[PDB]
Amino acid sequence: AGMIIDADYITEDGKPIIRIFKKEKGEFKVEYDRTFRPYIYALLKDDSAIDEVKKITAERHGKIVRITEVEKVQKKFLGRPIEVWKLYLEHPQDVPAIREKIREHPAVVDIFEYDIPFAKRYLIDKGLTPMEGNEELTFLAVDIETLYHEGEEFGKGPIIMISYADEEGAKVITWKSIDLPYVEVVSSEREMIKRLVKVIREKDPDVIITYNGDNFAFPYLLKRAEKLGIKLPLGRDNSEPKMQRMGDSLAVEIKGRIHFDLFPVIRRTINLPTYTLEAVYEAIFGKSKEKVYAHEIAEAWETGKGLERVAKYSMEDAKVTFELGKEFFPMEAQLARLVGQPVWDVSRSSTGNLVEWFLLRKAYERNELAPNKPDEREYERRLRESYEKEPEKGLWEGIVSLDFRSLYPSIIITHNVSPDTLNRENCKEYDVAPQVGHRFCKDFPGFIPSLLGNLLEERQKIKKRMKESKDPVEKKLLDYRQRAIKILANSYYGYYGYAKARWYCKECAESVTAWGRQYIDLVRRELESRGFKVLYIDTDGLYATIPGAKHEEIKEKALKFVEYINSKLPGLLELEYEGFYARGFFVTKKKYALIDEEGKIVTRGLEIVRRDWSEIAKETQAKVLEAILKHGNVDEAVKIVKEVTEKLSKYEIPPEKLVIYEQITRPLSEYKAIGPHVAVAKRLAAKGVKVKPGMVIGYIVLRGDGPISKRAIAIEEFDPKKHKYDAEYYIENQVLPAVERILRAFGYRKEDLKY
């Protein structure tokens, strides 16, 4: 009766065996199940058809595949009774081999639940929930530093340091002499990698924490381990970490453990212009962290001078990764438990995918047939669908932020907004959405409204248990639990409109918007009669000020205002005071910038802090934002842009500030469109350079005729005497696009930002 941390399957004598990884009174336990069978459902035109359908065949791994057993079942689909056939298979890999053969059949109307991974199928069907109980897990943070030189192939340079940290402290393994108490000196890169393997096997952590270990630390360790002819038996079954393709990036799993990569977690949880470990640590713990750049690390390693500085940086990377892991894991653990899927998968999911996993489990519990994901055609048509305010211009002072999101679950429940209740035939009583006119049947509670009501009731009970609890330990745990419910409940509104959703419903999303708007118009009116000016309104919230008022007065009146409105609004409809800002400006929907009273700049949909934008554009943008938010001076910002563009015209900007970086993601011959970085890469390959995916190309755009691709040069080939950069390209395609959206909030056009 332990705590489930993960589930997977292995194949033995061609048959699948489910593995359930558990933590039981401090011990690792692995449970095996050989009896759970894979399946799909088929809706037939007539029961007679089953005789032809059950005899459908496929091929996989040299052997033919068959439907093992067929079972007629009664379920609910679209809020209606339905009869479907459960088609059993021997192996989960049989489903993608046979599903289209079954769908093709003239007597098959449709197939269902055919893309549910076997391990997730098991957890749902067996009613098993990960991360339950008070079982205390162990953690280890791991990081690495590599020797890197400009534009090298991924893994060419050796790993030079490996760091790790836990409650026992932060340590470094290196293969050059460094005299520090936390540094372990070994003889080679090979021996350093073997020492990390030995630390992991001996500490036997349940959780391995990394900062972007999915794309950097583990892929690099695996590439270097390959070149060195050594294994990484990091799995509790002695398997090597496994790379999984998630999008165009990677996801790394370590069997029997939780590889907890903070990078996708932090990116979703907090809003920052850059997700450097230093920026993240400072945002969470309000403490500064020093960065040692790759070129400084290379110089120190090659010279053998300044190595103590590099080992201190490596040690801190692990130490802060450990502190951030401990800060962010409790919430990921409660979200896992709430949706009933492992932390590994949940920590790497969007809120929309968390909702879908909660719905899939609840669908099995309620005997409801799950709808299919859209095909390419349907997915694109949803992206195209219409769904039928503009911010105040200028620079505003003393901005109060109000959040609307905790309004929508209540609207979904009271109006029974669900795809299964939308425009029902022979409906006795219905709710009509204002303006849009969509009808939602009142005769039965909809699948989604029913679930949401249970979620909200469960949160109220947790909150009541928190007030009546004298134990600070359970109060902490219950606090993460009610927060996890709030996060899941507030994701449903956005889920109805998510184009990849199974329970997608455009009319549901518009109806919720139409009913929500009546409360938004009430808030807006009540604020305006109180002297407040509304500057920005989104379905998510609003920003307001009291023009010419004192900051404490704006705060006091706003805090009084939320207390008042919440007392007027029925049920669980709730307005939330998000915060206060010293200054701010708004461009369009989700394109704005603010500054708090502590001097921190918070922006949405404006900042370009990425390697594929030149330093000159990023530097000019940061300077424009500082002139506006820190100096309250838009005229200073306009003068900054005019000076920079003139300097580009007169070749007064250093070439190092003009470099663009773009990664090669495939073999060069696989490109359809030859962008500047690929044109530069082809020229390098023609010279004998081993161009491989992962290589990052640095280039400068030169003056000349034609498209930019024909005028781009590799940075290492740029000679300031011979080459002349394209000033027009850096003015019009780099610097002005970086600042034109920001300046538009003050009445300037691209044309107003030059002499």
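Residue numbers here begin at 1 and follow the sequence given.
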Quiz item: How much of the deposited sequence is absent from the coordinates between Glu388 and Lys389: none, 1 to 3, 4 to 9, or 10 or more residues?
Solution: 4 to 9
Quiz item: Per the entry, where is the mean C-alpha temperature factor higher: 690 to 698 or 706 to 714?
Solution: 706 to 714
Practice problem: Between 617 to 625 and 297 to 305, name whichever shows the higher mean Cα B factor according to the PDB entry. | Solution: 297 to 305
Practice problem: Tell me which of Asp540, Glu83, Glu552, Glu646 tops the list for C-alpha B factor in the record. | Solution: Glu552
Practice problem: Going by the CA temperature factor in the entry, name the top one among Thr414, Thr421, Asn353, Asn134. | Solution: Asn134
Exercise. Rank-wise, by C-alpha B-factor, drop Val680 into the lowest, middle or highest third of its chain.
Key: lowest
Quiz item: Within this chain, which third does the Cα B-factor at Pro16 fall in: lowest, middle or highest?
Solution: middle
Practice problem: Would you check the entry's CA temperature factor for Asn566 and let me know if it's in the chain's lowest, middle or highest third? | Solution: highest
Exercise. Ordered by C-alpha B-factor within the chain, which third holds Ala433? Give me lowest, middle or highest, please.
Key: middle
Quiz prompt | Chain third (lowest, middle, highest) by recorded CA B-factor, residue given as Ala1 | solution = highest
